[PDB]
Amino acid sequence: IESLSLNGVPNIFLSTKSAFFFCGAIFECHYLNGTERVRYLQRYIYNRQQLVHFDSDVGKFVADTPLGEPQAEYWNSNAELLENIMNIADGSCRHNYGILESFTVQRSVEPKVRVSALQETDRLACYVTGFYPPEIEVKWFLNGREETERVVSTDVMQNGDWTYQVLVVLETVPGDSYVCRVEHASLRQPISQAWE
């Protein structure tokens, strides 16, 4: 097993001299066009406001609120810090990508398709679950023609376990042949499920 690197260590804030208080930091590797380009971001949050951020396309910290301004100015004063941070996009970000690619970028889990008459029967439900990645095409055909008019889809829903699901319902009083067609990257050919 190879070891992932930290995407970042939070910078230290400068002190400028019931209750609840929150401090968050987020370090983001954005992988654009596959491996072509990386954009690296830092974000520093206090309660529900982003105070200051770093964008490698800019190369400097930028304050989003006045509370972040002393912090951006402080960190931007440290030339070696900015050099090291500027190195993360093509450094740790790409190191982590190389380890992760085979099971994240390239993760592939097949959808499971059930077609179900609902009520007599005034609706056909095409339930599609368990798939990864979240991009999917689910369409209804009646007698050969795709139906757009009377189709109601949920959003694609995150299950939180690295699978997704979607339900696509056709409002129809049973044409003669209904088919739910599912296209997904995990599959060599689409799944066509006809209703009994």
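Numbering starts at 1 and runs along the sequence shown.
The modelled chain breaks after residue 119 and resumes at residue 120, leaving 4 to 9 residues of the deposited sequence without coordinates. Missing coordinates between residue 17 and residue 18 amount to 10 or more residues of the deposited sequence. When 151 to 159 is weighed against 50 to 58, 151 to 159 comes out higher, by mean CA B-factor as recorded in the entry. When the C-alpha B-factors of 182 to 190 and 6 to 14 are averaged, 182 to 190 comes out higher. Of the candidates 42, 65, 129, 143, the one whose C-alpha carries the top B factor in the deposited record is 143. Out of 82, 124, 113, 72, it is 124 whose C-alpha atom has the highest B-factor in the PDB entry. For residue 169, the recorded CA B-factor ranks within the highest third of the chain. Only modelled residues enter the ranking.
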